[PDB]
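Here's start_17.txt, which has compact mmCIF, N, CA and C atoms:
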```txt
# COMPACT_ATOMS: atom_id res chain seq x y z
N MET A 1 30.16 16.73 -1.19
CA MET A 1 29.60 15.35 -1.09
C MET A 1 28.11 15.35 -1.42
N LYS A 2 27.73 14.78 -2.57
CA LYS A 2 26.32 14.46 -2.85
C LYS A 2 25.93 13.26 -2.00
N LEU A 3 24.68 13.18 -1.56
CA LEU A 3 24.12 12.03 -0.83
C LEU A 3 23.86 10.88 -1.83
N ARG A 4 24.91 10.47 -2.54
CA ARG A 4 24.86 9.63 -3.73
C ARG A 4 26.24 9.03 -4.05
N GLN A 5 27.34 9.76 -3.83
CA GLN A 5 28.67 9.31 -4.29
C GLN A 5 29.13 8.09 -3.49
N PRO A 6 30.08 7.29 -4.02
CA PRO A 6 30.89 6.42 -3.17
C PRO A 6 31.75 7.26 -2.21
N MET A 7 32.28 6.60 -1.18
CA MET A 7 33.32 7.16 -0.32
C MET A 7 34.50 7.69 -1.16
N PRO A 8 35.26 8.67 -0.64
CA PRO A 8 36.48 9.16 -1.29
C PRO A 8 37.61 8.12 -1.22
N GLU A 9 38.82 8.55 -1.57
CA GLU A 9 40.01 7.71 -1.70
C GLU A 9 40.59 7.25 -0.34
N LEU A 10 40.03 7.73 0.78
CA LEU A 10 40.48 7.44 2.15
C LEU A 10 41.98 7.70 2.33
N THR A 11 42.45 8.82 1.78
CA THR A 11 43.78 9.37 2.03
C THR A 11 43.95 9.72 3.52
N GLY A 12 45.19 10.02 3.94
CA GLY A 12 45.53 10.38 5.31
C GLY A 12 46.70 9.50 5.75
N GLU A 13 47.85 10.11 6.03
CA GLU A 13 49.14 9.44 5.88
C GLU A 13 49.96 9.41 7.18
N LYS A 14 49.48 9.97 8.30
CA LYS A 14 50.21 9.89 9.57
C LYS A 14 50.28 8.43 10.03
N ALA A 15 49.14 7.73 9.98
CA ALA A 15 48.92 6.28 10.11
C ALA A 15 47.47 6.02 10.52
N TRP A 16 47.07 4.75 10.49
CA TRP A 16 45.93 4.24 11.24
C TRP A 16 46.29 4.12 12.73
N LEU A 17 45.28 3.87 13.57
CA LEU A 17 45.33 3.83 15.03
C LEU A 17 44.15 2.98 15.50
N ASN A 18 44.31 2.23 16.59
CA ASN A 18 43.29 1.39 17.26
C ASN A 18 42.63 0.30 16.40
N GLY A 19 42.88 0.27 15.09
CA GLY A 19 42.47 -0.77 14.16
C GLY A 19 42.77 -0.29 12.74
N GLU A 20 42.83 -1.22 11.78
CA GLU A 20 43.18 -0.93 10.39
C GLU A 20 42.07 -1.52 9.52
N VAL A 21 41.23 -0.64 8.97
CA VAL A 21 40.23 -1.00 7.97
C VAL A 21 40.25 0.08 6.89
N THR A 22 39.59 -0.23 5.79
CA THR A 22 39.24 0.68 4.72
C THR A 22 37.81 0.30 4.34
N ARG A 23 37.12 1.15 3.58
CA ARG A 23 35.87 0.80 2.90
C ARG A 23 35.97 -0.60 2.29
N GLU A 24 37.02 -0.80 1.51
CA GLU A 24 37.18 -1.98 0.67
C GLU A 24 37.33 -3.26 1.50
N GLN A 25 37.75 -3.15 2.77
CA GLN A 25 37.93 -4.30 3.65
C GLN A 25 36.69 -4.63 4.50
N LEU A 26 35.75 -3.69 4.73
CA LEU A 26 34.62 -3.92 5.65
C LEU A 26 33.23 -3.75 5.03
N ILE A 27 33.11 -3.19 3.82
CA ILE A 27 31.83 -3.12 3.13
C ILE A 27 31.47 -4.49 2.55
N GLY A 28 30.17 -4.76 2.48
CA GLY A 28 29.61 -5.93 1.81
C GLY A 28 28.14 -6.10 2.18
N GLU A 29 27.81 -5.96 3.47
CA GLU A 29 26.46 -6.26 3.96
C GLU A 29 26.01 -5.38 5.14
N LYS A 30 26.91 -4.63 5.79
CA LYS A 30 26.54 -3.69 6.86
C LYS A 30 26.72 -2.26 6.31
N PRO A 31 25.84 -1.31 6.65
CA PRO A 31 26.09 0.11 6.41
C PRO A 31 27.31 0.57 7.22
N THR A 32 27.80 1.77 6.94
CA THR A 32 29.07 2.26 7.47
C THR A 32 28.90 3.71 7.95
N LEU A 33 29.62 4.06 9.01
CA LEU A 33 29.68 5.39 9.62
C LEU A 33 31.15 5.79 9.61
N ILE A 34 31.47 6.91 8.95
CA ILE A 34 32.75 7.60 9.06
C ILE A 34 32.45 8.93 9.74
N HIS A 35 33.22 9.27 10.78
CA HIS A 35 33.07 10.53 11.48
C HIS A 35 34.45 11.12 11.73
N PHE A 36 34.52 12.44 11.63
CA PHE A 36 35.68 13.23 11.98
C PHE A 36 35.50 13.75 13.40
N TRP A 37 36.62 13.92 14.10
CA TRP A 37 36.69 14.44 15.46
C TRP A 37 38.14 14.91 15.72
N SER A 38 38.38 15.56 16.86
CA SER A 38 39.73 15.80 17.36
C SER A 38 39.74 15.97 18.87
N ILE A 39 40.92 15.75 19.46
CA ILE A 39 41.16 15.66 20.90
C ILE A 39 40.79 16.92 21.72
N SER A 40 40.59 18.09 21.10
CA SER A 40 40.41 19.35 21.83
C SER A 40 39.43 20.30 21.12
N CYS A 41 38.49 19.75 20.34
CA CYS A 41 37.48 20.52 19.62
C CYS A 41 36.21 20.60 20.48
N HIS A 42 35.49 21.73 20.41
CA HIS A 42 34.50 22.14 21.42
C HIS A 42 33.25 21.25 21.44
N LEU A 43 33.01 20.51 20.36
CA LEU A 43 31.83 19.67 20.15
C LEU A 43 32.25 18.23 19.84
N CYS A 44 33.51 18.03 19.44
CA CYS A 44 34.13 16.71 19.38
C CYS A 44 34.15 16.07 20.77
N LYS A 45 34.25 16.85 21.86
CA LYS A 45 34.18 16.27 23.21
C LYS A 45 32.80 15.68 23.53
N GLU A 46 31.75 16.00 22.76
CA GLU A 46 30.46 15.30 22.82
C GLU A 46 30.44 14.13 21.84
N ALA A 47 31.11 14.25 20.69
CA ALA A 47 31.25 13.15 19.74
C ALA A 47 31.97 11.98 20.39
N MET A 48 33.14 12.19 20.97
CA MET A 48 34.01 11.15 21.53
C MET A 48 33.27 10.14 22.42
N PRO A 49 32.49 10.54 23.45
CA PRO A 49 31.73 9.59 24.25
C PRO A 49 30.59 8.94 23.47
N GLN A 50 29.85 9.68 22.63
CA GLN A 50 28.71 9.12 21.91
C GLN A 50 29.18 8.13 20.83
N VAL A 51 30.35 8.37 20.25
CA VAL A 51 31.05 7.49 19.34
C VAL A 51 31.31 6.17 20.06
N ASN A 52 31.98 6.20 21.22
CA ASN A 52 32.20 5.01 22.04
C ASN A 52 30.88 4.27 22.30
N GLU A 53 29.83 5.01 22.65
CA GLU A 53 28.52 4.45 22.94
C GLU A 53 27.95 3.71 21.73
N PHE A 54 27.68 4.38 20.60
CA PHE A 54 27.03 3.69 19.49
C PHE A 54 27.94 2.66 18.82
N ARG A 55 29.26 2.78 18.98
CA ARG A 55 30.21 1.79 18.51
C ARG A 55 30.00 0.50 19.29
N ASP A 56 29.79 0.54 20.61
CA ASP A 56 29.47 -0.66 21.38
C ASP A 56 28.06 -1.16 21.06
N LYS A 57 27.07 -0.26 20.96
CA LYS A 57 25.67 -0.64 20.76
C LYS A 57 25.46 -1.32 19.40
N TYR A 58 26.16 -0.88 18.34
CA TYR A 58 25.83 -1.24 16.97
C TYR A 58 26.99 -1.89 16.20
N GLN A 59 28.15 -2.19 16.81
CA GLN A 59 29.32 -2.76 16.12
C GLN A 59 29.02 -3.94 15.17
N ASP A 60 28.06 -4.80 15.50
CA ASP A 60 27.73 -5.99 14.69
C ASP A 60 26.74 -5.67 13.56
N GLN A 61 26.12 -4.49 13.61
CA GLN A 61 25.03 -4.04 12.75
C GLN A 61 25.50 -2.91 11.83
N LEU A 62 26.59 -2.23 12.20
CA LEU A 62 27.08 -0.98 11.64
C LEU A 62 28.60 -1.07 11.64
N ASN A 63 29.22 -0.89 10.49
CA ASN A 63 30.66 -0.68 10.42
C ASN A 63 30.93 0.70 11.00
N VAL A 64 31.85 0.81 11.96
CA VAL A 64 32.24 2.10 12.53
C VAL A 64 33.73 2.26 12.25
N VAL A 65 34.09 3.41 11.70
CA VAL A 65 35.45 3.83 11.44
C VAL A 65 35.45 5.34 11.71
N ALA A 66 36.60 5.87 12.09
CA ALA A 66 36.74 7.24 12.56
C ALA A 66 37.98 7.85 11.92
N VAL A 67 38.08 9.18 11.97
CA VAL A 67 39.22 9.90 11.44
C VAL A 67 39.51 11.03 12.42
N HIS A 68 40.68 10.99 13.06
CA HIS A 68 41.18 12.14 13.78
C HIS A 68 41.60 13.20 12.76
N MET A 69 41.28 14.47 13.02
CA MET A 69 41.47 15.61 12.12
C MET A 69 42.33 16.65 12.84
N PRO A 70 43.65 16.66 12.61
CA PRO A 70 44.52 17.66 13.20
C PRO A 70 44.09 19.08 12.80
N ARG A 71 44.23 20.03 13.73
CA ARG A 71 43.89 21.44 13.52
C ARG A 71 45.04 22.38 13.86
N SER A 72 45.97 21.95 14.71
CA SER A 72 47.00 22.78 15.32
C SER A 72 48.21 21.90 15.62
N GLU A 73 49.36 22.50 15.93
CA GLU A 73 50.58 21.77 16.29
C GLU A 73 50.32 20.90 17.53
N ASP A 74 49.58 21.48 18.49
CA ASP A 74 49.17 20.85 19.75
C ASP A 74 48.12 19.74 19.54
N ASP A 75 47.67 19.55 18.30
CA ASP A 75 46.59 18.65 17.91
C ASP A 75 47.15 17.49 17.07
N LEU A 76 48.39 17.61 16.55
CA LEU A 76 49.07 16.56 15.78
C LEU A 76 49.48 15.37 16.65
N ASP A 77 49.67 15.60 17.96
CA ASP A 77 50.49 14.77 18.85
C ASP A 77 50.03 13.30 18.86
N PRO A 78 50.79 12.36 18.26
CA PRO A 78 50.40 10.95 18.19
C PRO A 78 50.05 10.35 19.55
N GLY A 79 50.80 10.74 20.58
CA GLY A 79 50.62 10.25 21.94
C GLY A 79 49.29 10.72 22.50
N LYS A 80 48.96 12.01 22.41
CA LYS A 80 47.69 12.48 22.95
C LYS A 80 46.51 11.93 22.15
N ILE A 81 46.61 11.79 20.82
CA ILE A 81 45.54 11.19 20.03
C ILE A 81 45.26 9.77 20.55
N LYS A 82 46.30 8.95 20.70
CA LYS A 82 46.19 7.61 21.28
C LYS A 82 45.58 7.67 22.68
N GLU A 83 46.12 8.50 23.56
CA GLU A 83 45.74 8.45 24.97
C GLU A 83 44.31 8.94 25.17
N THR A 84 43.88 10.02 24.52
CA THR A 84 42.49 10.47 24.62
C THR A 84 41.54 9.41 24.02
N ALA A 85 41.94 8.72 22.94
CA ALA A 85 41.15 7.62 22.41
C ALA A 85 41.02 6.49 23.45
N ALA A 86 42.07 6.19 24.22
CA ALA A 86 42.00 5.20 25.29
C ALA A 86 41.11 5.69 26.44
N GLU A 87 41.24 6.96 26.84
CA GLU A 87 40.51 7.57 27.96
C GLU A 87 39.00 7.52 27.71
N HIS A 88 38.57 7.76 26.46
CA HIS A 88 37.17 7.78 26.06
C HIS A 88 36.73 6.45 25.43
N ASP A 89 37.56 5.40 25.51
CA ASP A 89 37.29 4.04 25.02
C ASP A 89 36.85 4.00 23.54
N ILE A 90 37.51 4.80 22.71
CA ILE A 90 37.25 5.00 21.29
C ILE A 90 38.02 3.92 20.49
N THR A 91 37.62 2.66 20.61
CA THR A 91 38.44 1.51 20.25
C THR A 91 38.15 0.92 18.85
N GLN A 92 37.29 1.55 18.04
CA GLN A 92 37.17 1.24 16.61
C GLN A 92 38.45 1.63 15.85
N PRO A 93 38.63 1.16 14.60
CA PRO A 93 39.62 1.71 13.67
C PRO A 93 39.51 3.23 13.55
N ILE A 94 40.63 3.92 13.73
CA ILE A 94 40.76 5.37 13.70
C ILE A 94 41.86 5.65 12.68
N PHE A 95 41.53 6.29 11.56
CA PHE A 95 42.54 6.96 10.76
C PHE A 95 43.04 8.16 11.56
N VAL A 96 44.29 8.56 11.35
CA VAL A 96 44.78 9.86 11.77
C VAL A 96 45.24 10.51 10.47
N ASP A 97 44.50 11.53 10.02
CA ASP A 97 44.88 12.28 8.83
C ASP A 97 46.22 12.98 9.10
N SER A 98 47.03 13.17 8.06
CA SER A 98 48.26 13.95 8.13
C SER A 98 47.94 15.40 8.53
N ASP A 99 46.85 15.95 7.99
CA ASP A 99 46.40 17.31 8.26
C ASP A 99 44.95 17.48 7.79
N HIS A 100 44.65 17.15 6.52
CA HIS A 100 43.31 17.28 5.94
C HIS A 100 43.13 16.50 4.62
N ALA A 101 43.97 15.51 4.30
CA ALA A 101 43.98 14.88 2.98
C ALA A 101 42.61 14.30 2.58
N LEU A 102 41.95 13.54 3.47
CA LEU A 102 40.61 13.01 3.21
C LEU A 102 39.60 14.16 3.22
N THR A 103 39.76 15.08 4.17
CA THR A 103 38.92 16.26 4.35
C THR A 103 38.88 17.11 3.08
N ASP A 104 39.97 17.17 2.32
CA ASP A 104 40.10 17.86 1.03
C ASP A 104 39.46 17.02 -0.07
N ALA A 105 39.72 15.70 -0.08
CA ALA A 105 39.15 14.77 -1.04
C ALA A 105 37.62 14.78 -1.06
N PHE A 106 36.96 15.20 0.04
CA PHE A 106 35.50 15.30 0.09
C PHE A 106 34.96 16.63 0.64
N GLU A 107 35.82 17.66 0.70
CA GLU A 107 35.52 19.06 1.03
C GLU A 107 34.51 19.22 2.19
N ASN A 108 34.87 18.69 3.36
CA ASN A 108 34.03 18.70 4.56
C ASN A 108 33.82 20.12 5.10
N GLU A 109 34.91 20.84 5.36
CA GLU A 109 34.94 22.21 5.90
C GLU A 109 34.36 22.34 7.33
N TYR A 110 34.19 21.22 8.05
CA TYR A 110 33.87 21.16 9.48
C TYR A 110 34.81 20.13 10.13
N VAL A 111 34.64 19.83 11.42
CA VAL A 111 35.43 18.79 12.10
C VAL A 111 34.52 17.81 12.85
N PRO A 112 33.65 18.19 13.80
CA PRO A 112 32.65 17.28 14.34
C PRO A 112 31.58 17.06 13.26
N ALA A 113 31.84 16.10 12.37
CA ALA A 113 31.14 15.90 11.11
C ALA A 113 31.11 14.41 10.81
N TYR A 114 30.07 13.94 10.14
CA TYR A 114 29.75 12.52 10.10
C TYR A 114 28.98 12.22 8.83
N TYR A 115 29.22 11.03 8.31
CA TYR A 115 28.84 10.58 6.98
C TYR A 115 28.38 9.14 7.16
N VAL A 116 27.19 8.82 6.65
CA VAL A 116 26.52 7.54 6.89
C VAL A 116 26.25 6.97 5.51
N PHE A 117 26.67 5.73 5.26
CA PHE A 117 26.74 5.12 3.94
C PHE A 117 25.96 3.80 3.97
N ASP A 118 25.30 3.47 2.87
CA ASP A 118 24.55 2.21 2.70
C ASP A 118 25.52 1.03 2.63
N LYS A 119 25.05 -0.21 2.83
CA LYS A 119 25.86 -1.42 2.69
C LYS A 119 26.49 -1.60 1.30
N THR A 120 26.01 -0.89 0.27
CA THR A 120 26.60 -0.92 -1.07
C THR A 120 27.81 0.04 -1.17
N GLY A 121 28.03 0.91 -0.18
CA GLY A 121 29.26 1.70 -0.06
C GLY A 121 29.19 3.07 -0.70
N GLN A 122 28.07 3.76 -0.52
CA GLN A 122 27.86 5.11 -1.02
C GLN A 122 26.94 5.89 -0.08
N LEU A 123 27.11 7.22 -0.08
CA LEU A 123 26.65 8.11 0.97
C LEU A 123 25.12 8.18 0.97
N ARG A 124 24.51 8.06 2.16
CA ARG A 124 23.07 8.17 2.37
C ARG A 124 22.73 9.51 3.01
N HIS A 125 23.53 9.93 3.99
CA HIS A 125 23.25 11.11 4.80
C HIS A 125 24.57 11.65 5.35
N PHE A 126 24.66 12.96 5.58
CA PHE A 126 25.81 13.60 6.20
C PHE A 126 25.31 14.83 6.96
N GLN A 127 25.97 15.16 8.07
CA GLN A 127 25.70 16.31 8.93
C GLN A 127 27.04 16.76 9.54
N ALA A 128 27.06 17.96 10.14
CA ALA A 128 28.14 18.41 11.01
C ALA A 128 27.57 19.36 12.06
N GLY A 129 28.10 19.26 13.28
CA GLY A 129 27.53 19.87 14.48
C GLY A 129 26.12 19.34 14.78
N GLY A 130 25.53 19.83 15.87
CA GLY A 130 24.20 19.47 16.35
C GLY A 130 24.20 19.44 17.87
N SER A 131 23.03 19.52 18.50
CA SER A 131 22.90 19.56 19.96
C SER A 131 23.47 18.28 20.58
N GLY A 132 24.67 18.38 21.18
CA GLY A 132 25.45 17.25 21.68
C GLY A 132 25.66 16.15 20.64
N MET A 133 25.57 16.49 19.34
CA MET A 133 25.45 15.60 18.19
C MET A 133 24.52 14.38 18.39
N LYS A 134 23.50 14.48 19.27
CA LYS A 134 22.54 13.40 19.54
C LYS A 134 21.85 12.89 18.28
N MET A 135 21.53 13.80 17.35
CA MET A 135 20.80 13.46 16.14
C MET A 135 21.53 12.43 15.27
N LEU A 136 22.86 12.29 15.35
CA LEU A 136 23.57 11.29 14.56
C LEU A 136 23.12 9.88 14.95
N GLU A 137 22.83 9.62 16.23
CA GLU A 137 22.33 8.32 16.67
C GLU A 137 21.03 7.99 15.92
N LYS A 138 20.17 8.98 15.67
CA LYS A 138 18.96 8.79 14.88
C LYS A 138 19.29 8.60 13.41
N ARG A 139 20.20 9.37 12.80
CA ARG A 139 20.55 9.16 11.38
C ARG A 139 21.09 7.74 11.18
N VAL A 140 21.93 7.27 12.09
CA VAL A 140 22.45 5.90 12.11
C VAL A 140 21.28 4.93 12.22
N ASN A 141 20.42 5.08 13.23
CA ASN A 141 19.32 4.14 13.44
C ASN A 141 18.35 4.14 12.27
N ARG A 142 18.18 5.26 11.57
CA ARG A 142 17.35 5.32 10.37
C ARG A 142 18.02 4.48 9.29
N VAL A 143 19.30 4.68 8.99
CA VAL A 143 20.00 3.85 8.00
C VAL A 143 19.92 2.36 8.41
N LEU A 144 20.07 2.01 9.70
CA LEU A 144 19.96 0.62 10.15
C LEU A 144 18.55 0.07 9.92
N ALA A 145 17.51 0.87 10.18
CA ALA A 145 16.11 0.46 10.02
C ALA A 145 15.72 0.37 8.54
N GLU A 146 16.30 1.21 7.68
CA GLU A 146 15.91 1.36 6.28
C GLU A 146 16.69 0.38 5.39
N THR A 147 17.95 0.08 5.73
CA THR A 147 18.73 -0.98 5.10
C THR A 147 18.12 -2.35 5.48
N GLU A 148 18.30 -3.34 4.59
CA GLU A 148 17.73 -4.67 4.71
C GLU A 148 18.61 -5.53 5.62
```
As a first step, turn the structure in this file into structure tokens.
Amino acid sequence: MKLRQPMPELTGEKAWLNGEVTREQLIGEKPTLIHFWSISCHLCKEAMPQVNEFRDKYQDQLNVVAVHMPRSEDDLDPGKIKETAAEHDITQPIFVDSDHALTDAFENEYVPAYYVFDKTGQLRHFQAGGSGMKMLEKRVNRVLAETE
């Protein structure tokens, strides 16, 4: 991913969850945040609450969409993906990838990973991991402050 391209094809075929959006349905005037996570990843457990937090803080200012990223047989489970999303109040649109289809389309090679896009629908900044992933709140707020 160059900090320049449009979003990928948004593949991922298990289904959507908690809401149904695509780039093409929510881009126009707000910047966008796509982040990967999973129900039992060592740093995704810091993403999950902070995701809920900035999703409530910035929903009207920032398009938020998420992608669950299966890693294991114990990680595919539609029921646990739904229930952990309810437990952590992760109520934005959530893709559930089949395994890695979007992840391959943009060669992420991490899981607690995040991509921040301008209101025109192309990548501004991307990171993966970080100290409690706190710095993503700043990358988001920078895109919010820098966008018109």
Which residue of A:48, A:16, A:39, A:54 approaches residue 74 of chain A most closely, using only C-alpha atoms: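 Of A:48, A:16, A:39, A:54, the one nearest residue 74 of chain A is A:39, counting only C-alpha atoms.
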What is the atom CA of residue 84 of chain A-atom CA of residue 1 of chain A distance in Å, reported with one decimal? 29.2 Å
Could you list, as a PyMOL selection string, every residue within 6.5 Å of segment 113-116 of chain A, counting all atoms listed in the file and ignoring same-chain residues fewer than 6 positions away? chain A and resi 32-37+122-129
Export, as a PDB file, in the frame of the given file, the selected residues with N, CA and C atoms.
```pdb
ATOM      1  N   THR A  32      27.800   1.770   6.940  1.00  0.00           N
ATOM      2  CA  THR A  32      29.070   2.260   7.470  1.00  0.00           C
ATOM      3  C   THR A  32      28.900   3.710   7.950  1.00  0.00           C
ATOM      4  N   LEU A  33      29.620   4.060   9.010  1.00  0.00           N
ATOM      5  CA  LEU A  33      29.680   5.390   9.620  1.00  0.00           C
ATOM      6  C   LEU A  33      31.150   5.790   9.610  1.00  0.00           C
ATOM      7  N   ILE A  34      31.470   6.910   8.950  1.00  0.00           N
ATOM      8  CA  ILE A  34      32.750   7.600   9.060  1.00  0.00           C
ATOM      9  C   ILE A  34      32.450   8.930   9.740  1.00  0.00           C
ATOM     10  N   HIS A  35      33.220   9.270  10.780  1.00  0.00           N
ATOM     11  CA  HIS A  35      33.070  10.530  11.480  1.00  0.00           C
ATOM     12  C   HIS A  35      34.450  11.120  11.730  1.00  0.00           C
ATOM     13  N   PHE A  36      34.520  12.440  11.630  1.00  0.00           N
ATOM     14  CA  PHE A  36      35.680  13.230  11.980  1.00  0.00           C
ATOM     15  C   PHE A  36      35.500  13.750  13.400  1.00  0.00           C
ATOM     16  N   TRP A  37      36.620  13.920  14.100  1.00  0.00           N
ATOM     17  CA  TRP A  37      36.690  14.440  15.460  1.00  0.00           C
ATOM     18  C   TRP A  37      38.140  14.910  15.720  1.00  0.00           C
ATOM     19  N   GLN A 122      28.070   3.760  -0.520  1.00  0.00           N
ATOM     20  CA  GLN A 122      27.860   5.110  -1.020  1.00  0.00           C
ATOM     21  C   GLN A 122      26.940   5.890  -0.080  1.00  0.00           C
ATOM     22  N   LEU A 123      27.110   7.220  -0.080  1.00  0.00           N
ATOM     23  CA  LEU A 123      26.650   8.110   0.970  1.00  0.00           C
ATOM     24  C   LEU A 123      25.120   8.180   0.970  1.00  0.00           C
ATOM     25  N   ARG A 124      24.510   8.060   2.160  1.00  0.00           N
ATOM     26  CA  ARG A 124      23.070   8.170   2.370  1.00  0.00           C
ATOM     27  C   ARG A 124      22.730   9.510   3.010  1.00  0.00           C
ATOM     28  N   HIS A 125      23.530   9.930   3.990  1.00  0.00           N
ATOM     29  CA  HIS A 125      23.250  11.110   4.800  1.00  0.00           C
ATOM     30  C   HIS A 125      24.570  11.650   5.350  1.00  0.00           C
ATOM     31  N   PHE A 126      24.660  12.960   5.580  1.00  0.00           N
ATOM     32  CA  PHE A 126      25.810  13.600   6.200  1.00  0.00           C
ATOM     33  C   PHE A 126      25.310  14.830   6.960  1.00  0.00           C
ATOM     34  N   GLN A 127      25.970  15.160   8.070  1.00  0.00           N
ATOM     35  CA  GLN A 127      25.700  16.310   8.930  1.00  0.00           C
ATOM     36  C   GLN A 127      27.040  16.760   9.540  1.00  0.00           C
ATOM     37  N   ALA A 128      27.060  17.960  10.140  1.00  0.00           N
ATOM     38  CA  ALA A 128      28.140  18.410  11.010  1.00  0.00           C
ATOM     39  C   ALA A 128      27.570  19.360  12.060  1.00  0.00           C
ATOM     40  N   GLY A 129      28.100  19.260  13.280  1.00  0.00           N
ATOM     41  CA  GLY A 129      27.530  19.870  14.480  1.00  0.00           C
ATOM     42  C   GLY A 129      26.120  19.340  14.780  1.00  0.00           C
TER      43      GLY A 129
END
```
Work out how far apart atom C of residue 98 of chain A and atom N of residue 86 of chain A are and give it in Å to one decimal.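 Between atom C of residue 98 of chain A and atom N of residue 86 of chain A the gap is 19.1 Å.
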For residue 8 of chain A, the nearest of the candidates A:138, A:76, A:106, A:81, counting all atoms listed in the file: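 The answer is A:106, which sits nearest to residue 8 of chain A.
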What are the closest atom pairs, with distances in Å to one decimal, for all residues of segment 95-148 of chain A lying within 7 Å of segment 59-68 of chain A? Consider only N, CA and C atoms, order rows by chain and residue number, and present the result as CSV.
```
residue,atom,partner,partner_atom,distance
A:95,N,A:66,C,3.9
A:96,CA,A:68,N,4.4
A:97,N,A:68,C,4.3
A:144,CA,A:61,C,6.8
```
Minimum-distance residue to residue 134 of chain A, chosen among A:94, A:109, A:147, A:46 (using all atoms listed in the file):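 Using all atoms listed in the file, residue 134 of chain A sits closest to A:46.
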Taking (38.3, -6.5, 9.3) in the file's coordinates as the center, which residues reach within 12 Å of it, counting only C-alpha atoms, put as a list in words? residues 19, 20, 21, 22, 23, 24, 25, 26, 27, 28, 59, 60, 63, 64, 65, 92 and 93 of chain A
DSSP says alpha helix (DSSP H) for which residues of chain A? Put them as number ranges by chain? A: 23-26, 44-58, 78-87, 101-105, 135-146
Any idea what the distance is between atom N of residue 11 of chain A and atom C of residue 101 of chain A? 5.5 Å
Of the candidates A:100, A:82, A:42, A:88, which one gets nearest to residue 10 of chain A if we count only C-alpha atoms?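 For residue 10 of chain A, the nearest of the given residues is A:100.
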